[PDB]
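> these chains are from a complex, not moved at all, and more is on the way:
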Amino acid sequence: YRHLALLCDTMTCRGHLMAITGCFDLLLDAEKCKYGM
Amino acid sequence: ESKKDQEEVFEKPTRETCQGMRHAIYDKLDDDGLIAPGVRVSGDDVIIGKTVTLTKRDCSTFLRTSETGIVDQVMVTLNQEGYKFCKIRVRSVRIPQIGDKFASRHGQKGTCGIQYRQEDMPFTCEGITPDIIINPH
Amino acid sequence: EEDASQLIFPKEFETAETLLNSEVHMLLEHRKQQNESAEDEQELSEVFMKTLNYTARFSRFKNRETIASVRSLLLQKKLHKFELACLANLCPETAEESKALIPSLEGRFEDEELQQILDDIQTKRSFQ
């Protein structure tokens, strides 16, 4: 059913029916990087 | 062969008088630039050494597909116009490896999975070991 | 469009401050103090070496409060820091020479204020 509640919810987003036709990031932790051979 | 005026003639290119060419050794070419029949050509060696005369440019015609067969026959004629021509028939056997596709008269096209031995193919009560096993399904 | 006598100092230059050849002199030897520590190090830039000789000869003030008081008496002044570069390194001793070495002082402060305060700078100079 989760694949039907996304076709039904991208057509009717804008109030009327229409046809058809990496967020995150990384950082280096230097405080852990001081120790460790 | 077409004479035009850049024209070209069948010949044998020496390496350091003709321009761009690969490391396709010119052993198989004869006195005039055609391979005599009965000379085994490998993958990507020169079969007709044609040269657009310019120093001269280079227009070899390689054995495509790198099949390594045998040159079997060479004819030399004129064209419709009066220019010399040549056809060449490079033959190759092809033993049925794994892959080559078979089909009966009753639909159901199939491949060739593995090649077992007479040693391994299941024998009857009388020493018959079938040439081909097709799936039940 | 810009000129340093037309005084177009943008917001990339508005937070700045002029440095004397003596204010640079007290700091590059503090740079070399970090070089004499961790010794036998790969030495400083040759541009620094040319700056090392440029802040060597032209040190117009010597003592630590001498460099500071002339800066601080001119920090009390309302004349610009670029025009001040002249007042303590080029050093006009009169207000007329101050208007002559800086001919962009026109339409500005009085002659006596440009005389009396500069003659206070001339009292505390480290001559040698």
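It's in. Numbering: from 1, shown residues only, chains lettered A, B, ... in the order given.
> Around residue B:115, count how many other residues there are.
Using other Cβ atoms under 10 Å in any protein chain shown, residue B:115 has 10 other residues around it. C-beta here means a position set from N, CA and C on the backbone, and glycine is covered the same way.
> Same question for residue B:98.
Residue B:98: 9 neighbours (other Cβ under 10 Å).
> excluding its backbone neighbours, what's nearest it?
residue B:112 (5.5 Å; Cβ to Cβ, 6 or more residues apart in numbering or on different chains).
> I figured that neighbour hits residue B:131, correct?
No - between residue B:112 and residue B:131 there is no contact under Cβ atoms under 8 Å: 11.4 Å.
> Determine which residue lies closest to the centroid of chain A.
Among the residues of chain A, residue A:23 comes closest to the average C-alpha position under Cα atoms, centre = their mean, at 6.7 Å.
> quick one on the thing from earlier: please tell me how far the residue nearest to residue B:98 sits from residue A:21.
Going from residue B:112 to residue A:21 by Cβ to Cβ, to the nearest Å gives 44 Å.
> Between those two, which is the more surrounded one?
Neighbour count, other Cβ under 10 Å: between residue B:112 and residue A:21, residue B:112 has more, with 13 against 2.
> Chain D should go on the structure too:
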Amino acid sequence: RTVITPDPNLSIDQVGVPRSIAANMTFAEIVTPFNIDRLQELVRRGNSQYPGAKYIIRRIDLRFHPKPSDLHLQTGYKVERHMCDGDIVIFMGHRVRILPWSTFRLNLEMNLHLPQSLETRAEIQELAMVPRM
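Time to bring in chain D:
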């Protein structure tokens, strides 16, 4: 690009690439203290045998006139070997086992694409191996 043929003796995330095809592709390897004692054999052989390498990004075309002055290998370099077992290729992500003929055996045509980094390899490994889809 060649045929796929069935072969039930491969653990599902495996493909059988034959030695006329894996000896053209490359996986550009970057030198560690691990492989620096391993790859020098694969530099020594060249392009004649199968387990060899094409380029040495020090970019020396090590296939003709080997020039043994330039067989140096210190860490940081990039060597482009042909192939081995165990490597990961793309369809999902298979794993190269070598079975010598002319067909791509896989436990049930196709091309074959090979990624070129140890980051986009492990994106395939923990997201898109053949069991994982």
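> In light of the added chain D, please revisit the neighbour count of residue B:98.
Using other Cβ under 10 Å, residue B:98 has 18 other residues around it.
> What are the neighbouring residues in contact with it?
B:112-115, D:5, D:101-103 (Cβ atoms under 8 Å, 6 or more residues apart in numbering or on different chains).
> Let me know the secondary structure of it.
The local conformation at residue B:98, judged by DSSP: H, G, I helix; E, B strand; the rest coil, is coil.
> what does residue C:50 give?
With three-state DSSP as the criterion, residue C:50 reads helix.
> Was I right to think residue D:33 contacts residue D:73?
No - under the criterion of Cβ under 8 Å, residue D:33 makes no contact with residue D:73, lying 11.8 Å away.
> circling back: list only buried entries from the contacts of residue B:98.
Among the contacts of residue B:98, those that count as buried by neighbour count (16 or more other Cβ atoms under 10 Å in any protein chain shown) are B:112-113, D:5, D:101, D:103.
> ok, of those residues, which one's closest to residue B:44?
residue D:101 (22.0 Å; Cβ to Cβ).
> Could you pull up phi and psi at that closest one?
Backbone torsions of residue D:101, given as degrees, to the nearest 10, read phi -160, psi -140.
> which one is it nearest to, not counting chain neighbours?
residue B:98 (4.8 Å).
> Chain E next, sequence below:
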Amino acid sequence: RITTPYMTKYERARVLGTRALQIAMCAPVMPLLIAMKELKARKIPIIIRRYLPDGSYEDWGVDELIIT
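Let me put chain E in with the others:
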């Protein structure tokens, strides 16, 4: 602190995909099988930067987090 206290399977592709990359490039060890052991023993010098769809972010480290 409105992000999930676990590791999503996309972080683990990009943690171990890059942590094995630096260990390949002569880093201190604390290539692919090297970094699998380090995460499952929780010794990695990487802080995950998770944005939010407003524009903000939240900086998490691995030992603050529950690994798979």
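> Please re-evaluate the neighbour count of residue B:115 in the presence of chain E.
11.
> Now do the residue lying closest to it once chain neighbours are set aside against chain E, distance only.
Nearest non-adjacent residue to residue B:115, counting by Cβ to Cβ, 6+ apart: residue B:98, 6.5 Å away. Per Cβ to the nearest Cβ, to the nearest Å, residue B:98 is found 33 Å from chain E.
> Angles on the backbone of the closest residue to the residue nearest to the centre of chain A other than its chain neighbours, please.
Nearest residue to residue A:23, sequence neighbours excluded (Cβ to Cβ, 6+ apart): residue E:51, at 5.4 Å. When read as degrees, to the nearest 10, the backbone of residue E:51 gives phi -70, psi -180.
> now swap in residue D:124 and tell me
According to degrees, to the nearest 10, residue D:124 has phi -70, psi -30.
> what about the closest residue to residue D:39 other than its chain neighbours, which SS state?
In space, and not counting its chain neighbours, residue D:39 is closest to residue D:79: 5.3 Å by Cβ to Cβ, 6+ apart. Of the three states, residue D:79 takes strand under three-state DSSP.
> if I pick the residue nearest to residue B:99 when sequence neighbours are not counted, what's in contact with it?
Residue nearest to residue B:99 in three dimensions, not counting chain neighbours: residue D:103, with 4.7 Å by Cβ to Cβ, 6+ apart. With contacts defined as Cβ under 8 Å, 6+ apart, residue D:103 is in contact with B:98-99, D:2-5, D:16, D:18.
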